[PDB]
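Listed next as structure tokens is one chain, alone, in the form deposited in one PDB entry.
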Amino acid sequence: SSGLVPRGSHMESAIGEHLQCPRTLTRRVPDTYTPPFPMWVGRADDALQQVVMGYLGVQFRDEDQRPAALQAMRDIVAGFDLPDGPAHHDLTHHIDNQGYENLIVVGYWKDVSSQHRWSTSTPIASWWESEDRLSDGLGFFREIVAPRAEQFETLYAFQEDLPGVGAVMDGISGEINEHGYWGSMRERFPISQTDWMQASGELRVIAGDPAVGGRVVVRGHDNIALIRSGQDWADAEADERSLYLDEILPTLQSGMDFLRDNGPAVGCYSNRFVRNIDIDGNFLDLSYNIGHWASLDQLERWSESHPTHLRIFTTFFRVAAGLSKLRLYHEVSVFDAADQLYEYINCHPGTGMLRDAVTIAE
């Protein structure tokens, strides 16, 4: 039956038991398929219906704005302690291709109604709506997206202390079957059992004007995809730190720069390559991509063809056997139009979903 070390059809599935159904869209590997290295996925029971991933940002241009920016980031984080705040968060920094610095606090909620109560609560809404946000001279944004349980997948190359959305799930799976081949990401989405997750519609400005600053609201469209793909080398030994910093990162950086600067050509609305920071703005040894894509298909096409991702993909297969403390993972999600809110205050026109959004009158 099932051995000590299960293989093929005896291995666990990425798809939670309560979300399984007979596949009308079938897998691309035979029943005997057994991956060459272990990967695990986040588990949650049926109580997790729909999560919220809220990326809350503070943007600035000049050195003399850094104190005000850090103060604002700290105020956002303080707001997380209030009732209905997110169950997990982390803080990051990056400089965008227009030279603006961006601090982003990402929060994860286990329930949509909870996030909505938090956002509407007086302390939070008064801060977000305040005229102070305009007089601050800083840019702010909220890119808040809510995939149902069937609409996201996770993959971790480790088992303990899961970052991102894994932190708000119940626990970790055993070693899963649906990984190690192109097309496996799609297969890991429970909705993939029956649905092609095809994009339709257009990113559209529904309030304000990206070109002139002030307050701007962009509506998403069906099956925009969001990838968070991360690297953590903080506790690794010197040799694994070198593997990452010297052998992986320069190529990863090249690929991230490519998506950042060639987005419209490949279907990437926004690409950010961010470094974790502490509450004081100082760098930590963790990083990740935050990538918003016009479709899951376009993300698939890029990942399986661009030389940068192919090189690092192949490095991982090589070092997989010996990996001890270097931590790599991703989470990918798709969303209905109604389950996405992209709001900007005094951000430059290239920020996030402002860049490719169809203006209020085309």
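So that the term is clear: the rigid core is the largest set of C-alpha atoms that superpose within 1.5 Å between two forms. The numbering used is simple: start at 1 and walk along the sequence shown.
Only in words, not in the display: the form deposited in another entry, which the text now covers.
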### Message
Once the core is superposed between this form and the one not shown, does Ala68 show a C-alpha displacement of at least 2 Å?
### Response
no
### Query
Any chance the CA of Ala47 moves 2 angstroms or more between this form and the one not shown, core superposed?
no
### Query
Does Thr315 show a Cα shift reaching 2 Å between this form and the one not shown after rigid-core superposition?
yes
### Query
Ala320 and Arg43: do their C-alpha atoms lie closer or farther in the other form than in the form you see, with a change of 3 Å or more?
farther
### Message
Assuming the CA distance changes by 3 angstroms or more, are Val41 and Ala321 closer together or farther apart in the other form compared with the shown structure?
### Response
farther
